[PDB]
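Trainee: Pasting a structure here, questions to come.
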Amino acid sequence: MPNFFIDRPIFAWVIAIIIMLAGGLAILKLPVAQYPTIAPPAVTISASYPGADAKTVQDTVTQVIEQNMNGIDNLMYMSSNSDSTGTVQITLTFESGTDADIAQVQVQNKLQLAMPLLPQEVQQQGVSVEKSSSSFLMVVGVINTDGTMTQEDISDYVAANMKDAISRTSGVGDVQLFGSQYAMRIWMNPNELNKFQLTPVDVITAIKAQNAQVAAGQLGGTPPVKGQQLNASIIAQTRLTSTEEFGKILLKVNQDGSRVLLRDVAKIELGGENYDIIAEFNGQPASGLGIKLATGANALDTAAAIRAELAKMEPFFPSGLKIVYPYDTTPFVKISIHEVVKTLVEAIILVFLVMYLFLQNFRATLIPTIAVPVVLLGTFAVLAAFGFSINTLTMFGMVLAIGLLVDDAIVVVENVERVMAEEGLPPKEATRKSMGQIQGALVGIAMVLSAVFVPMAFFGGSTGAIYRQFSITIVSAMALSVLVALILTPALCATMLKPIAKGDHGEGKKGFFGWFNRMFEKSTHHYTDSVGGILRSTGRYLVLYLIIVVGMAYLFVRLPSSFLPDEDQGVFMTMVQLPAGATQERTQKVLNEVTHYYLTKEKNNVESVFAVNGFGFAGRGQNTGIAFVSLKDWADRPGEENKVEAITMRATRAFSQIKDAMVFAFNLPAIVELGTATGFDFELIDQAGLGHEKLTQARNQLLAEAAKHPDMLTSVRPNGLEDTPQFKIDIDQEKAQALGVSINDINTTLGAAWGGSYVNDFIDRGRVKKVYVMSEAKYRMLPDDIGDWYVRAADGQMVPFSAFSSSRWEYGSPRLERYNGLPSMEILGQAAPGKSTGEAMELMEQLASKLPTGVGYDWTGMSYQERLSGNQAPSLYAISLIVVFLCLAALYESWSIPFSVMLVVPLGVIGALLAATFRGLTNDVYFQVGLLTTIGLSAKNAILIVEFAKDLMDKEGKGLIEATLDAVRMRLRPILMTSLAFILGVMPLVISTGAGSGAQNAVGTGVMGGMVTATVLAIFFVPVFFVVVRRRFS
Amino acid sequence: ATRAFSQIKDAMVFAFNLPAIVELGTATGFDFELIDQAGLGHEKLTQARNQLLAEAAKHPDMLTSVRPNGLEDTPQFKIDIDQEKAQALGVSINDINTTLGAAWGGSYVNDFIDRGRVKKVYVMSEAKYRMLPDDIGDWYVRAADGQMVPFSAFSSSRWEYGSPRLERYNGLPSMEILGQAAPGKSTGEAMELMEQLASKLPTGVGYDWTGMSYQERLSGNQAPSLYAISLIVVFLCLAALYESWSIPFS
Amino acid sequence: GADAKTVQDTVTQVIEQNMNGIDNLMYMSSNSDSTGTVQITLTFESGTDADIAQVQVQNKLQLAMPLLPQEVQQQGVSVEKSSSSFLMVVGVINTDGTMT
Amino acid sequence: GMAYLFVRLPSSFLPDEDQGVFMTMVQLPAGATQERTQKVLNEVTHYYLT
């Protein structure tokens, strides 16, 4: 479709304009995000049995939920953690691309089918069923400047003005608060309960009776007696609202005529709902909002929209309430996308320049200039049309694709140049006969190149997502590039090229330009003589080539393998873990040391330290902590010692010294939860009745036997917690029945007192909150305190617990886990410094087999799936290779003549390969898309020379040894522009220091090394590659 | 119809047509929400509601018929149970509250079968005795000693105020306000003056638009600009067929 | 037998608070009356899925449902997805006088 | 004249139709018994029928 689009110009114009309008508008509407969603989905059921103990919770709640979990379509497995804090969480992981919402309710339907089998007390609290990512998203904290409010204060004002609003927004699939909404707290004193002769039970009962909302009918209610004129509602008792109010509750009335009130035997007080989560902001008190993302949410959308929900809130915020932002995995994405757009521009300028340095008028130079927005614009129009998003992957796809655009453009132009200089032809007729001289060229080129890229969308994992992300960005790029190259570029070559006088290669013109033309044609002649000169020795460079191939395969096996390079995300984190029982104090001492380091010893780089005592990626506990660290701006810390690498390095090096504390500071493993690298994750399943202990032991036997092969396996350690002592209280029941005391009374006062108790609700300034009942602190602090507590026997006599109880110390885990219904213990290790996850896993399996009866093994998460290259990525090459060869046969119509270009491929891999080992770099995803890029590009290079040459053997009938070079000179001018324009445009990435750097670098250098060698080798090898393939056959 | 119904005293009676289709009467003006954005309570939202409602009937030149879509606080009959009296007499607050409710409000007890279908069983004071405040004391609950105590004994009844249709808008207490852009004016301007008037209201009260005024409709926004783009598109196809730059404009 | 505040306290509020992470929701109206009724209505994006949107809501409901009174879920709640005006209203009358 | 004709021209969505059915709302004070309301529905239906 060329000579016609050449006769009609403004029409091609119009097609182009349309395409640009499209891609430009699909920039405006496309989801500008970080990556594609890669998590296999997870739904999560979550319960709470307050005052319970990991086994009471794992028995009573955990198990009766797991068993009622079946016929949930597409489920992968079921993790179940159950802790001494009385929490349970259960998480079902599903097929990737399985439906988030469907998958969600199968689970909740199966839940309420168990739900009536959970205790009273655990669904009074209620369960939850969220569908959500595992890491956060961004965490706004709230602090008071004015001092006019504490931390439980702040916490409440968010959990009564902010959390509810924020949470309601879409894609916002779990909110975790940093402190607690208020609850009315009744702190029962035991000496005084026993004094007026009351149990906790009496308190609890009074509260239910006298803090209640009764419905009491109407006046003149349907059906009324005829002639009733009035219809009023009746209001009875109503909820309570104040501390004072709860104060005056009537516990009893003595014979004396006495009043006993609630505040007569307890501290009434507006308190936090729970008291374990305590936050600080640079060691000032603070609360805030831990925000998770729901499997399928929703880009800079969700989070611009959280500043949306919060815009309306700042208005009514009291005296000193200020937002602070200690964690924004947000403007990261923003300046990554920025740093892509920049390099797109720099490519435009540098190419406009190389363009100018070869084709020395501004018209020729502007031609491929205009041809670039068009094609790049167009591709956002298509990334709306097949589903994808303006993310990192997509953007680097765009920046890669820059080249295989510039090439088709370049040839379209420079071939007309060649045509005119060598003819005197009138520009339009020139390019008419010139585009008909390169049509099948650029076209088949599109065919084979897309043939290299397409079979990488194929296929699986969490890992093939990415490969699709690129494969289609880049194949779209292909067809767009080439169609423009047939519609637009021939046309734009027709209407813009200034007439050339035949032969004139700019000799006697100006100063430098003339010298450039002269020395170039000089060098090209030098070069035709050079290649003809390697044609007289056809068999030497063949052995040299085979050398190259050996070196290639070596370079390739000695080269290690990365997924995605870790980045300085501007934020990072710290975990703290103390022994057990390990009070809240001790933990706060350690969070205090830590934040001391970040604030003193690092002022140049640290921007904030949101730190939370009582919370920590494993579960809750008095002995767990975390710091979300924000880092100073990107420029404000230049150099390696200032980026998360060295920063967290020294951090951790220094924390090392904290005794009685594992403290680690980490970076964010690339994105979200996608750290399904970093080694493995092994599960020990209890596959007979063995019990807890024998699984603990066999766990140790493994853990031991693997620290006894530190040469395929290191750091092999349990991800659990260990058995802290627990305080058993035996109720000799017969004693109780003898004394007249109810096991109801007994167990209930035990629990109410030391564990707390949700009684009923109240209203606090127009919001409903809880009412809790519990022993004031002094009397539930020490074992002897057990006997301090009296329950009333049926005869009216207060019996002390010391009477019927029998207390003693025991052992047992504070975080029971199950894996698929069965008891399990989780085991986290590494393939030893030089070894593969496959081998490490293997020795792990072997060691595990030599373990007692009943114990079985299962792999999960990381090691379940298991990743990339070394499996089938080279075989999907292979199929893309028989595909490439197929299209090659298709265009050449020879069986050998394909191989003339197939042998051109290693010439490119051999330069990338180098570039990687010589950089410290590695074989990552970016490298492999760089690799593909390399090989389909060198295919462009080669295919064009052999096309020209066999077009000479078939149209002129000029035998190979002559035609090859007659065309190799005819292509030496173009092959050079493309390559120079390329290696200079991809300089930005291998250049960019910080801010998406690692990724940028990784994409760049592979393609650069690859290119330097692909050109300066194939430029000699391929005119030999074809003569070899043309002579040995037919 | 409506002209005639006009005359009915003690009765708003209106007769309307069906606003075009289903629920698609997201025209006919606006719908404004007064959100209680601090602890203020019912009353102070009632008051500030009035302050708005008033200040807008004091610009009948961008805004008319500005009125609440709620109902207003009819008197309700509070019954206080002096609980100490009850514990002195031997009567259970369970007994007490339950007889109160059963009697004047009714009570779903359990089911029965009526000609092969399950229906309910309800329990409730026959009409004569739940018709008038004095009737409260007519009602006896049995103390633990076996003595019927009358409600007149432990209760203390008195008249109060409070809305018969509390609304909330997004979790928070709210009052809904329905008005019009004055005969010649636009919903945009009416909404604007509504917002301005609302800003000059006490602390805690916040405003939000919904339904009708949330979205907000058609021409004057982007319908002429989607023309405009259809115009550069039309001109594009025009250049395409003519292959002239002027000749389109013809 | 309830009263607009007993219903708006006891039922309305303990339902609204257990309403989050419902994808695509626009807002939440809540009326609560001296007849002891409550209705709560969630409006969604146009073209959002009727059925999906429907159960996110009911799932979040039963997650509050055990916090409503005995007497209010003895009656039971409902979660319908429905237009606001009617459609057509067939009435039934007796000619014979043989039924009220 | 075109631009003038166009700005002076007001703007409708969909024109209301005689749908063959229509409706009436009644609202009395409070407490306002069932009787009183039925008196008013009685007057109303009296109009529509007579």
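Every chain in the structure tokens takes a letter, A first, then B, and so on in the order presented; its residues are numbered from 1, and the ligands are numbered from 1 following the presented order.
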Return as a Markdown table the residues of chain D lying at most 6 Å from chain A, together with the closest atom-to-atom pair for each and the distance in Å to one decimal, counting only C-alpha atoms, with rows in chain order and ascending residue number.
Mentor:
| residue | atom | partner | partner_atom | distance |
| --- | --- | --- | --- | --- |
| D:31 | CA | A:231 | CA | 4.2 |
| D:32 | CA | A:230 | CA | 5.8 |
| D:33 | CA | A:231 | CA | 5.6 |
Trainee: With N, CA and C atoms retained, export the selected residues as a PDB file, in the first residue's frame.
Mentor:
ATOM      1  N   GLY D  31     -48.856  13.666  66.203  1.00  0.00           N
ATOM      2  CA  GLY D  31     -48.861  12.237  65.929  1.00  0.00           C
ATOM      3  C   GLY D  31     -49.837  11.737  64.875  1.00  0.00           C
ATOM      4  N   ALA D  32     -50.982  12.397  64.739  1.00  0.00           N
ATOM      5  CA  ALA D  32     -51.809  12.247  63.543  1.00  0.00           C
ATOM      6  C   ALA D  32     -52.271  10.823  63.298  1.00  0.00           C
ATOM      7  N   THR D  33     -53.417  10.454  63.849  1.00  0.00           N
ATOM      8  CA  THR D  33     -53.854   9.078  63.787  1.00  0.00           C
ATOM      9  C   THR D  33     -54.145   8.596  62.391  1.00  0.00           C
TER      10      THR D  33
END
Trainee: Just asking: which residues within chain C are strand (DSSP E) according to DSSP, as number ranges by chain?
Mentor: C: 25-33, 37-44
Trainee: Taking only C-alpha atoms into account, what are the residues of chain B at most 8 Å from chain A, put as a VMD selection string?
Mentor: chain B and resid 37 to 41 74 to 81 83 to 84 87 93 to 94 97 100 to 106 127 to 128 130 to 133 170 to 171 203 to 204 236 to 237 239 to 241 243 to 244
Trainee: So that I can check the surroundings of residue 592 in chain A, please list as a ChimeraX atom specification every protein, DNA and RNA residue that reaches within 8 Å of it, counting only C-alpha atoms and ignoring chain neighbours fewer than 4 positions away.
Mentor: /A:283,588,596
Trainee: Store the residues of this selection in a file with N, CA and C atoms, as an mmCIF file, in the first residue's frame.
Mentor:
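Result written to part12.cif:
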data_model
loop_
_atom_site.group_PDB
_atom_site.id
_atom_site.type_symbol
_atom_site.label_atom_id
_atom_site.label_comp_id
_atom_site.auth_asym_id
_atom_site.auth_seq_id
_atom_site.Cartn_x
_atom_site.Cartn_y
_atom_site.Cartn_z
ATOM 1 N N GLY A 283 9.460 9.319 67.856
ATOM 2 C CA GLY A 283 9.260 9.274 69.296
ATOM 3 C C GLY A 283 8.396 10.365 69.911
ATOM 4 N N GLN A 588 9.792 -1.597 74.083
ATOM 5 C CA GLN A 588 9.844 -0.175 73.799
ATOM 6 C C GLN A 588 11.244 0.388 74.054
ATOM 7 N N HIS A 596 16.672 5.899 68.136
ATOM 8 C CA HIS A 596 17.805 6.737 68.481
ATOM 9 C C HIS A 596 18.850 6.701 67.366
#
Trainee: Name the residues in contact with residue 15 in chain D at a cut-off of 12 Å, using only C-alpha atoms, excluding same-chain residues fewer than 6 positions from it; report them as a compact mmCIF listing (two decimals) with C-alpha atoms, in the first residue's frame.
Mentor:
# COMPACT_ATOMS: atom_id res chain seq x y z
CA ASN B 17 -46.76 12.88 37.22
CA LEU B 18 -44.04 10.29 36.74
CA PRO B 19 -40.77 12.17 36.15
CA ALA B 20 -40.10 10.67 32.68
CA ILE B 21 -38.99 7.16 33.66
CA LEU B 24 -34.64 9.04 36.46
CA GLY B 25 -35.80 12.36 37.85
CA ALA B 27 -33.41 16.65 37.29
CA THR B 28 -36.07 18.88 38.82
Trainee: Within range 8-224 of chain B, find each residue whose DSSP state, derived from the backbone, is alpha helix (DSSP H), and express the selection as a ChimeraX atom specification.
Mentor: /B:41-57,83-89,93-105,151-154,187-199,211-215,223-224
Trainee: Excluding same-chain residues fewer than 4 positions from range 7-10 of chain C, what lies within 6 Å of it counting only C-alpha atoms, as a PDB file with C-alpha atoms, in the first residue's frame?
Mentor:
ATOM      1  CA  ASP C   3     -38.160   4.121  68.581  1.00  0.00           C
ATOM      2  CA  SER C  32     -34.220   5.070  60.733  1.00  0.00           C
ATOM      3  CA  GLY C  36     -38.757   0.593  64.150  1.00  0.00           C
TER       4      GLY C  36
END
Trainee: Contacts of residue 22 in chain C at 7 Å or less, counting only C-alpha atoms, minus same-chain residues fewer than 2 places along, as a ChimeraX atom specification?
Mentor: /A:168,170 /C:20,24-25,56-57
Trainee: Which residues of chain C are close to chain D, meaning at most 12 Å apart when you count only C-alpha atoms, and how do they look as a PyMOL selection string?
Mentor: chain C and resi 34+85-89
Trainee: Could you produce a table of the residues of chain C lying within 9 Å of chain B, with the nearest pair of atoms per residue and their separation in Å rounded to one decimal, using only C-alpha atoms, ordered by chain and increasing residue number, as a tab-separated table?
Mentor:
residue	atom	partner	partner_atom	distance
C:1	CA	B:105	CA	4.1
C:2	CA	B:105	CA	7.7
C:3	CA	B:164	CA	7.7
C:4	CA	B:164	CA	5.6
C:5	CA	B:166	CA	7.3
C:8	CA	B:166	CA	7.1
C:13	CA	B:171	CA	7.4
C:16	CA	B:171	CA	6.1
C:17	CA	B:171	CA	7.2
C:27	CA	B:170	CA	6.2
C:28	CA	B:170	CA	5.0
C:29	CA	B:169	CA	5.1
C:30	CA	B:168	CA	5.1
C:31	CA	B:167	CA	4.6
C:32	CA	B:166	CA	5.2
C:33	CA	B:165	CA	4.3
C:34	CA	B:164	CA	4.7
C:35	CA	B:164	CA	8.0
C:71	CA	B:108	CA	7.9
C:74	CA	B:108	CA	8.0
C:75	CA	B:108	CA	8.0
C:83	CA	B:23	CA	7.2
C:84	CA	B:23	CA	6.2
C:85	CA	B:22	CA	5.7
C:86	CA	B:22	CA	7.5
C:87	CA	B:22	CA	7.8
Trainee: For residue 102 in chain A, work out the shell of residues within 10 Å, counting only C-alpha atoms and skipping chain neighbours fewer than 3 positions away, then give it as a compact mmCIF listing (two decimals) with N, CA, C and O atoms, in the first residue's frame.
Mentor:
# COMPACT_ATOMS: atom_id res chain seq x y z
N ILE A 72 -14.43 -24.74 47.29
CA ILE A 72 -14.17 -23.38 46.93
C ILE A 72 -13.32 -23.53 45.67
O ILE A 72 -12.23 -24.09 45.69
N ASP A 73 -13.89 -23.08 44.56
CA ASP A 73 -13.30 -23.26 43.24
C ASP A 73 -11.96 -22.56 43.12
O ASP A 73 -11.85 -21.38 43.46
N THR A 98 -7.61 -15.93 38.94
CA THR A 98 -8.89 -16.39 39.46
C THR A 98 -9.63 -15.14 39.90
O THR A 98 -9.01 -14.12 40.14
N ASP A 99 -10.96 -15.20 39.99
CA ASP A 99 -11.72 -14.00 40.27
C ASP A 99 -11.66 -13.64 41.72
O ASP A 99 -12.01 -14.44 42.57
N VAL A 105 -16.54 -14.72 47.99
CA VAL A 105 -17.73 -15.18 48.71
C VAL A 105 -17.89 -16.69 48.83
O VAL A 105 -18.56 -17.13 49.75
N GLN A 106 -17.31 -17.49 47.94
CA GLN A 106 -17.38 -18.94 48.17
C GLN A 106 -16.91 -19.17 49.61
O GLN A 106 -17.54 -19.90 50.39
N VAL A 107 -15.84 -18.46 49.95
CA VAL A 107 -15.18 -18.58 51.24
C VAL A 107 -16.09 -18.14 52.38
O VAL A 107 -16.23 -18.84 53.37
N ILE C 52 -22.41 -8.92 42.10
CA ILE C 52 -21.17 -8.85 42.86
C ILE C 52 -21.31 -7.85 43.98
O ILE C 52 -21.01 -8.11 45.18
N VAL C 55 -23.45 -9.06 46.89
CA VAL C 55 -22.98 -9.87 48.01
C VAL C 55 -21.81 -9.30 48.81
O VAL C 55 -21.67 -9.65 49.97
N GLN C 56 -20.98 -8.43 48.23
CA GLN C 56 -19.95 -7.80 49.08
C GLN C 56 -20.68 -7.24 50.29
O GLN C 56 -20.26 -7.42 51.44
Trainee: Go through C:47, C:67, C:91, C:15 one by one, measure the shortest atom-to-atom distance of each to chain A using only C-alpha atoms, and give the residue with the smallest value.
Mentor: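 Ranking C:47, C:67, C:91, C:15 by distance to chain A, first place goes to C:67.
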Trainee: For the atom pair CA of residue 18 in chain C and CA of residue 60 in chain C, what is the interatomic distance in Å to one decimal place?
Mentor: 5.9 Å
Trainee: Please determine, counting only C-alpha atoms, which residue among D:28, D:35, D:48, D:42 has the shortest atom-to-atom distance to chain B.
Mentor: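 The closest residue to chain B is D:28.
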Trainee: Between B:53, B:26, B:33, B:59, which one has atoms that come closest to residue 190 in chain B, using only C-alpha atoms?
Mentor: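 The shortest atom-to-atom distance to residue 190 in chain B comes from B:59.
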Trainee: Report as a PyMOL selection string the set of chain D residues whose atoms approach chain B to within 6 Å, with distances computed over only C-alpha atoms.
Mentor: chain D and resi 16+22-28+30
Trainee: Only C-alpha atoms, please: the residues just picked out, written as a PDB file, in the first residue's frame.
Mentor:
ATOM      1  CA  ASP D  16     -42.304  14.551  30.713  1.00  0.00           C
ATOM      2  CA  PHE D  22     -49.825   9.211  37.988  1.00  0.00           C
ATOM      3  CA  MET D  23     -49.776   9.659  41.760  1.00  0.00           C
ATOM      4  CA  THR D  24     -50.671  11.498  44.960  1.00  0.00           C
ATOM      5  CA  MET D  25     -48.828  11.943  48.276  1.00  0.00           C
ATOM      6  CA  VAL D  26     -50.483  12.917  51.549  1.00  0.00           C
ATOM      7  CA  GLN D  27     -48.713  14.088  54.668  1.00  0.00           C
ATOM      8  CA  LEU D  28     -50.378  15.070  57.927  1.00  0.00           C
ATOM      9  CA  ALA D  30     -47.809  14.286  64.037  1.00  0.00           C
TER      10      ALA D  30
END
Trainee: Which of these residues is nearest to chain C, using only C-alpha atoms: A:770, A:632, A:418, A:307?
Mentor: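 So, comparing all the options, the nearest one is A:770.
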